[PDB]
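Numbers restart at 1 for each chain; the letters A, B, ... are given by sequence-line order, proteins then strands.
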Amino acid sequence: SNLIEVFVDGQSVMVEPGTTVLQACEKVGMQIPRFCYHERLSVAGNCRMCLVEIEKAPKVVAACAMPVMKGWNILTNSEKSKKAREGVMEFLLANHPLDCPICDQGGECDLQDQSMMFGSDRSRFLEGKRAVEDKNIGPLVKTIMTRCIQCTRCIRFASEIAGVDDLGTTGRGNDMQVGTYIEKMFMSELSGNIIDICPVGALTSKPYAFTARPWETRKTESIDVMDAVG
Amino acid sequence: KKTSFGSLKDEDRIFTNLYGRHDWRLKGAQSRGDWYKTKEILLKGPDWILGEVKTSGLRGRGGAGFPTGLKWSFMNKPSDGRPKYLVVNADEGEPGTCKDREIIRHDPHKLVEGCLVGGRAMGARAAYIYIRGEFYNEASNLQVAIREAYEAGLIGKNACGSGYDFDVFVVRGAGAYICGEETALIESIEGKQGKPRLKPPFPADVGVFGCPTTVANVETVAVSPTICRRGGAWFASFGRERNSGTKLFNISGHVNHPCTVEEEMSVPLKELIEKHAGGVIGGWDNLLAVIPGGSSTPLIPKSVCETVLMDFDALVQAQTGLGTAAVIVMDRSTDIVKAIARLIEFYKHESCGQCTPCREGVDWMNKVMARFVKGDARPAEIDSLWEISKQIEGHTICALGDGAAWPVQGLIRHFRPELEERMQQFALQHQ
Amino acid sequence: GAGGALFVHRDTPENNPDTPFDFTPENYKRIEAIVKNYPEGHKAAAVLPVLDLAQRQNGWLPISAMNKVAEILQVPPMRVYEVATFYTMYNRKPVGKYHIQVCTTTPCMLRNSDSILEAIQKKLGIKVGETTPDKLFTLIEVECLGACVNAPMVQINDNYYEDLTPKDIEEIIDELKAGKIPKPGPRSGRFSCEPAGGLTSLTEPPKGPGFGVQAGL
Amino acid sequence: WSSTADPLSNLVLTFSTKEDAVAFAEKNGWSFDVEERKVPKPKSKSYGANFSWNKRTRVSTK
Amino acid sequence: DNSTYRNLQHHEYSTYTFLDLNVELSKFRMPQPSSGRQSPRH
Amino acid sequence: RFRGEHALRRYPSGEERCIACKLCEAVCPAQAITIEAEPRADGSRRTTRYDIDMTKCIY
Ligand SMILES: NC(=O)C1=CN([C@@H]2O[C@H](COP(=O)(O)OP(=O)(O)OC[C@H]3O[C@@H](n4cnc5c(N)ncnc54)[C@H](O)[C@@H]3O)[C@@H](O)[C@H]2O)C=CC1
Ligand SMILES: Cc1cc2nc3c(=O)[nH]c(=O)nc-3n(C[C@H](O)[C@H](O)[C@H](O)COP(=O)(O)O)c2cc1C
Ligand code: SF4
Ligand code: SF4
Ligand code: SF4
Ligand code: SF4
Ligand code: FES
Ligand code: FES
Ligand SMILES: [Mg+2]
């Protein structure tokens, strides 16, 4: 119909107009690395982890935000995109705290897994790291903001899904911090979901703290009975 | 056809009140040729104005150098339902750059008439001039000139005997260099933080308040009406091919007479310095380095500075770029590593923090640079630093990351022996 | 390098949501004009000017002023907090009567801008980031101020003082202490960034209307 | 410690398709419940909608 | 002629000059366009 | 380097080194380690159960 033809690593695929490079790669079975992009949130484009090379184009594009065009050949495993991923992961890990043994997101961390899958295996950062003070947003979400990577997923969720405008960024540059700027509890019927959407151990479940590791647990798929939504 | 550039006659300059020696108000501006035949220009149509800008060869004076007729024609699409706006970039954040301040405080009516002419060309309903927050008296001068223009009927209701309605608004920033980036400027006008937004969409599609928008530099807008009045060919006669016109130049640093001057485009750097800035302190042999186009552009040493022209293409072939034409000169009695490190510290203090490469990597560059000045590092790291800069450039949302990466690359490329000697001296002194 | 100003607010006897702040009637008139400048349906665009106006009425921005701006413009308070903490011209802490800003960026640093810094320190007996005991002056270091040609320079309360030497800055300081306001601009009689003795352009009288107009216009 | 008496508490088998799993369970005499695969539905994403002239999709921060 | 500097008018500018000029100009403006709603949050 | 009887150590302050990361439990080839943890009365990340079955351990 109105579908346009694009190529993922040379393989043809027909997509609707306005489809992003990330979604075209999804239609082929390739998952592009991501930190700030979420399917149910608005597009941000901050983390630059989704950078990918288009054939015969000197500059990489952000796959999560850039609509694909007819005739484009997306090179997901190209050298340029691999080097872009390695550099972005280096920048993300430069100031990250060495908290994995005490971080509750240890065995289920997108930062850890994408570092092992797409980053380098060593560091060349010879400086001191930044440390920020923790905020208190209630008895449900435990906050350790030194682990924050500034993806702004929580802010977008709070504004759009939960309809609460309490979360924001204060400051500028390296010391730009996610929070409320005042002592304020983030209270809503959907507040705990920001734990799941947070890719790192910056936001964790307070009642769940230090009780288990994700590899020990057995998963049972069931139904909630606390209301009539099911 | 012409080969030698750099002798611009007095009667041929655009900004003839550059030094404020004449009345900056309406009466003096009309005496000097402003607001002449503006009704005729407006009635000649937007397509004619766009063609005049195209054959003029005018390139973006903000620093990128994009052809201005092309952007203003991008805006020339038919109506959609949304209002159309012109945005004038008066942020002027680049270190070494002060030209917009002088053309705003001393010749505001050229800017206002250029706003009207450009808005007519692109079908805009109004113009927003985003003036730097620190330019308080300059902003007040602009507002007084706009008051005069409204009182005389030159802008506003029908704006002439034309039938075209056009408003000019002035909005003030609050201490943010990043708000000179056009999308970050649009974000700041809308009341949010000065964080650049991704492209596409371009401002001609989605801009201020979600409406079609063109962001243009003060100098481009202010020279457009003279281009319309005198002709595109007259403007195109100056400079080389693809480098047309006359450009304002700022000379600062280790010169005898730092000053702002208007001169032909493709002037030699040495000629410009020796003619208008009084020469480099201690004579030409005392020159060490020059940053030719503001802090963003990489520096070049004396050997290339000897016979280099001042335009986009020639300065690109020297691996620098013309930028904003802000010449900053340094003699051999200054610490080049310290100066570059100060520029990197400025960039660290000015990044908005939105995207990880700029935020993290510019902080990392700042820390590495501070150590480099001391010489506390090792020789192997220099290459490391070069790699880090490469990672930043081309991977960020906006060009502030590129503008922080390039000075480091220039310093490495042209003064690696100085860094190595400083490291060796530190190692000897500390054992 | 390191900033030194925190980006979290903790309540305080002289800084808390009950701190009394309000706009004067004429400031309300100015606010209504500012809001009228923007298209209907986009009132958040007035956050930056109105907030600035509050500072001009108060000298700095308490949390109560931020809340008042947010409720006047009907925007969430967190948005105003983000604006207040993003832009560096907003004072979220009380500041002296004369806020002295010294540019120390590379073009100004080349023309000996640290000598003027140390002259101001010695004259006022304060370090870079503090305030005098009488709450009359506040030193601070800033980035490029857009007057690189007239370096070294300072900014005091919307005024630019250019082409400075330590003697000139001392006379500016003690003239401010006397009670009157020194005139803005460059010193050494250079008159807004021409060559000091060159005069290498704009010497002939400027041409009149329609000097070089093309045919058909 | 945690004690069990059923030998199949840790037995999990992997199959390419649902039909393979049904065939294995049927030939092995086990009664089964099959759940259909859940697939995320395709979503319309537009970065330009973040800055809207007149829609509610306009964001207050980014 | 050129010997005299003619930009001394900013020597007596007050803390409210810009905003007062804005208030003066507020009567010269064209009516603003509307998006159709009072706010994006409406 | 000799491997003998297991022991749990502490810092010179007397505070125990174990912070209940469960890496030893995950890596144990014989599944000889059993760990349970919770926040301590001072909010510290510590174990409430740390068992080693020495008749399953392969040392
Ligand atoms: N005047 C000043 O104070 C400062 C100037 N600069 C200069 O700004 C330069 C970089 O600025 P950018 O805007 O990021 O460069 P750019 O090339 O990305 O943009 C140039 C202009 O052309 C438009 N444009 C470019 N490509 C387009 C396309 N394919 N379709 C439609 N429109 C297009 C853009 O919207 C923009 O307005 C630097 O070279 C720097 O020297 C930097 C800092 C301060
Ligand atoms: C970090 C950054 C800061 C900028 N600051 C300014 C500025 O202060 N003034 C300006 O005219 N352009 C500035 N620019 C470039 C703008 O994008 C430019 O104004 C825009 O492309 C339109 O300018 P033009 O009239 O030359 O085409 C800046 C760009 C970047 C990346
Ligand atoms: S957030 Fe992930 S990478 Fe960071 S400390 Fe926790 S587990 Fe490790
Ligand atoms: S707290 Fe988590 S979700 Fe929020 S910005 Fe930081 S990393 Fe992203
Ligand atoms: S490059 Fe720097 S200033 Fe530009 S958007 Fe990214 S973080 Fe912000
Ligand atoms: S759980 Fe095991 S590996 Fe982790 S700290 Fe305690 S003893 Fe060490
Ligand atoms: S996933 Fe695209 S920039 Fe973050
Ligand atoms: S470097 Fe000081 S005003 Fe620009
Ligand atoms: Mg989490």
Asker: On a heavy-atom basis, which atom in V102(C) and which in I120(C) lie closest, and how many Å separate them?
Answerer: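 Where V102(C) meets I120(C) most closely, the heavy atoms are CG2-CD1, 3.8 Å.
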Asker: Identify whether the distance between the nearest side-chain nitrogen and carboxylate oxygen of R172(B) and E138(B) falls below 4.0 Å.
Answerer: no
Asker: When you measure from the side chain of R147(A) to the backbone N and O of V200(A), does any donor-acceptor pair fall under 3.5 Å?
Answerer: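 No, the answer is negative, given that no donor and acceptor are paired below the 3.5 Å cut-off.
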Asker: Any sub-3.5 Å donor-acceptor pair from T396(B)'s side-chain atoms to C398(B)'s backbone N or O?
Answerer: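 Yes, the answer is positive, given that a donor and an acceptor are paired below the 3.5 Å cut-off.
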Asker: For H257(B), check side chain to side chain contact (heavy atoms under 4.5 Å, CB included) against everything at least two apart and list the hits.
Answerer: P195(C), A196(C)
Asker: Which atom names give the shortest non-hydrogen contact between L48(C) and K192(B), and what distance separates them?
Answerer: CD1-O, 4.2 Å
Asker: Determine whether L288(B) and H254(B) make a side-chain contact, defined as any pair of heavy atoms from C-beta on separated by less than 4.5 Å.
Answerer: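 They are not in side-chain contact.
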Asker: Can you check whether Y177(B) reaches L400(B) side chain to side chain, under 4.5 Å on heavy atoms?
Answerer: yes
Asker: Are the side chains of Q150(A) and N46(A) in contact, using a 4.5 Å heavy-atom criterion?
Answerer: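 No, side chains not in contact.
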Asker: Could you tell me whether a side-chain N or O of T170(A) sits under 3.5 Å from a main-chain N or O of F7(C), the two making a donor and an acceptor?
Answerer: yes
Asker: Got a second to check how far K270(B)'s NZ is from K302(B)'s NZ, nearest 0.5 Å?
Answerer: 9.5 Å
Asker: Do the side-chain N and O atoms of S296(B) and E94(B) include a donor-acceptor pair separated by under 3.5 angstrom?
Answerer: yes
Asker: Given the rule in the side-chain contact (heavy atoms from CB on, under 4.5 Å) test, do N95(A) and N174(A) qualify, once you have shown the distances and angles that lead to the verdict?
Answerer: CA-CA 10 Å; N95(A) 284 298; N174(A) 201 244; 4.1 Å; yes
Asker: Can you give the donor-acceptor pairs under 3.5 Å from side chains of residues 370-380 of chain B to other protein atoms, not counting sequence neighbours?
Answerer:
from    : atom 1 : to      : atom 2 : distance (Å)
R371(B) : NH1    : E127(A) : OE2    : 2.9
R371(B) : NH2    : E381(B) : OE1    : 2.3
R371(B) : NH2    : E381(B) : OE2    : 3.2

Asker: How about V327(B) and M310(B): do any of their side-chain heavy atoms sit closer than 4.5 Å?
Answerer: yes
Asker: Between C103(C) and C144(C), which heavy-atom pair has the shortest distance, and what is it?
Answerer: SG-CA, 3.5 Å
Asker: Once you round to the nearest 0.5 Å, how far does CD1 of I300(B) lie from CD of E306(B)?
Answerer: 11.0 Å
Asker: In Å and rounded to the nearest 0.5 Å, what is the CD to NZ distance from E53(A) to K83(A)?
Answerer: 12.0 Å
Asker: So does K99(B) pair up with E219(B), basic N to acidic O under 4.0 Å?
Answerer: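 Salt bridge between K99(B) and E219(B), a charged N being under 4.0 Å from a carboxylate O: yes.
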Asker: Measure the acute angle between the ring planes of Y90(C) and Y87(C), then classify it against the limits of 30° and 60° as parallel, tilted or perpendicular.
Answerer: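 It falls in the perpendicular class, over 60°.
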Asker: Short question: side chain of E418(B), backbone of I336(B) - any donor-acceptor pair under 3.5 Å?
Answerer: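 Judged by distance alone, no pair lies under 3.5 Å.
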Asker: Let me confirm one number: the OG1-CG distance from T97(B) to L248(B), rounded to the nearest 0.5 Å.
Answerer: 11.5 Å
Asker: Between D91(B) and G180(B), is there a donor-acceptor pair closer than 3.5 Å when you use the side chain of the first and the backbone of the second?
Answerer: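 Checking the backbone N and O of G180(B) against the side chain of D91(B), a donor-acceptor pair under 3.5 Å is found.
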Asker: Taking all atoms of both residues into account, what is the closest heavy-atom pair of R359(B) and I149(A), and its distance?
Answerer: NH2-O, 3.4 Å
Asker: Is it the case that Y130(B) and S188(B) place a side-chain donor and acceptor less than 3.5 Å from each other?
Answerer: yes
Asker: Backbone N or O of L272(B) within a donor-acceptor pair of the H276(B) side chain at under 3.5 Å?
Answerer: no
Asker: Within a strict 4.5 Å, meaning less than it, do heavy atoms of the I388(B) and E90(A) side chains meet?
Answerer: yes
Asker: Report yes if some heavy atom in the side chain of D335(B) is under 4.5 Å from a heavy atom in the side chain of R422(B); otherwise report no.
Answerer: yes
Asker: For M176(A) and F86(C), run side-chain contact (heavy atoms from CB on, under 4.5 Å): C-alpha distance rounded to whole Å, both residues' side-chain angles, the deciding distance at 0.1 Å, then the answer.
Answerer: CA-CA 9 Å; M176(A) 173 201 78; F86(C) 185 89; over 6 Å; no
Asker: Take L117(C) and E141(C), measure what side-chain contact (heavy atoms from CB on, under 4.5 Å) needs, and give me the verdict at the end.
Answerer: CA-CA 9 Å; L117(C) 202 45; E141(C) 258 176 323; 3.2 Å; yes
Asker: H349(B) side chain to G1(C) main-chain N or O, any donor-acceptor pair under 3.5 Å?
Answerer: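 Answer holds: yes.
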Asker: Can you list the steps and then say if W284(B) with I273(B) is a side-chain contact (heavy atoms from CB on, under 4.5 Å)?
Answerer: CA-CA 9 Å; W284(B) 183 256; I273(B) 291 152; 4.3 Å; yes
Asker: Taking the side chain as every heavy atom from C-beta outward, state whether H395(B) and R48(A) have any pair of such atoms under 4.5 Å apart.
Answerer: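 No. Closest side-chain heavy atoms not under 4.5 Å.
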Asker: Closer than 3.5 angstrom, by distance alone: can the side chain of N286(B) be matched with the main-chain N or O of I281(B) as a donor-acceptor pair?
Answerer: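 Yes, the answer is positive, given that a donor and an acceptor are paired below the 3.5 Å cut-off.
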Asker: Could you state the interatomic distance from OG1 (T183(B)) to CD1 (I178(B)), rounded to the nearest 0.5 Å?
Answerer: 7.5 Å
Asker: So which pairs with a foot in residues 336-346 of chain B pass side-chain hydrogen bond (donor to acceptor under 3.5 Å, both in side chains), sequence neighbours left out?
Answerer: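 Listed by first then second residue: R342(B)-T104(C), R342(B)-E143(C).
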Asker: Thinking salt bridges, do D363(B) and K129(A) make one under a 4.0 Å N-O criterion?
Answerer: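 Not counted as a salt bridge, because no side-chain N and carboxylate O are separated by less than 4.0 Å.
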Asker: On a heavy-atom basis, which atom in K348(B) and which in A2(C) lie closest, and how many Å separate them?
Answerer: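 Taking every non-hydrogen atom into account, NZ-N, 3.9 Å.
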Asker: Could you report the tightest heavy-atom contact between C36(A) and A44(A), atom names first, then the distance?
Answerer: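 Between these two residues, the closest heavy atoms are SG-CB, 4.1 Å.
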Asker: Salt bridge or not for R132(B) and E92(B), using N-O below 4.0 Å?
Answerer: no
Asker: For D402(B) and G394(B), indicate whether the former's side chain and the latter's backbone hold a donor-acceptor pair under 3.5 Å.
Answerer: yes
Asker: Does the pair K199(B)/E182(B) count as a salt bridge with the N-to-O cut at 4.0 Å?
Answerer: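 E182(B) and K199(B): salt-bridged.
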Asker: How many angstroms lie between CZ in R59(B) and NZ in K247(B), if you round to the nearest 0.5 Å?
Answerer: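 So the gap between those two atoms works out to 12.5 Å.
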Asker: Can you find a pair of side-chain heavy atoms, one from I392(B) and one from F91(A), that are under 4.5 Å apart?
Answerer: yes
Asker: Can you tell me if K82(A) has over 12 outside heavy atoms packed within less than 6.0 Å of its NZ?
Answerer: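 Yes, NZ of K82(A) has more than 12 neighbouring heavy atoms, counting only those of other groups under 6.0 Å.
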Asker: Could you check whether any side-chain N or O of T356(B) sits under 3.5 Å from a backbone N or O of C47(A), counting only pairs where one atom can act as donor and the other as acceptor?
Answerer: no
